[PDB]
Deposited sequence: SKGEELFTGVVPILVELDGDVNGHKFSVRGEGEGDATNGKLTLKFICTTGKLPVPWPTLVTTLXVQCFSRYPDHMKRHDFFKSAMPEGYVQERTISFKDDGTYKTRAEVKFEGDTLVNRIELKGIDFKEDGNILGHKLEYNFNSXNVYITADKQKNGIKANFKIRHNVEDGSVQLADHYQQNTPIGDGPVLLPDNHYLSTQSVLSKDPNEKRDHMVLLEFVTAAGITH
């Protein structure tokens, strides 16, 4: 409820990613706003280093589950907000079928009134003319359920889930996600019963923007608990 108090209105968001994929360095900066009451967020991302060396859709999951709308009966299961304002570390491995792997580490926390997601990403073993480095993925993103379970040993949560990116030739590229979150502070956190997060994502372009970029709208809502 203390953490959850921080999210009662519209919250500015800042995202910073420093990326290295097959030795190719890049940076992304994102800004916008989040409304956890309605499970909604709006963000625009820029590759500040020039051309992004991987496809924007492959970065969506990496680029703030604290903005999920948790219904009233499920408030006691919201680990993400309970960890605020000190925040949580979020780590993944993302394994692209027949291609490379991303490893990510992020800290998601308040800095003043701004929720900040600061990420480091390392990608290795990518095929230089595969779907990823060859930019063969459609500019879109499907709806997914991300199943959350408690990890009481790490006093946090975990999740594994499959993302399926559409490829331009009509096939699909699997990206297998394993995720772990752990609180940054020592204060008490909420450890949840099993549930999931239903996310929809809409990608677009700003017709006035000349930099390499992604405009993102998402709606996220928690569900699957009864009593």
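> Where are the gaps relative to the deposited sequence?
Missing C-alpha atoms (numbering from 1) occur across the range 64 alone.
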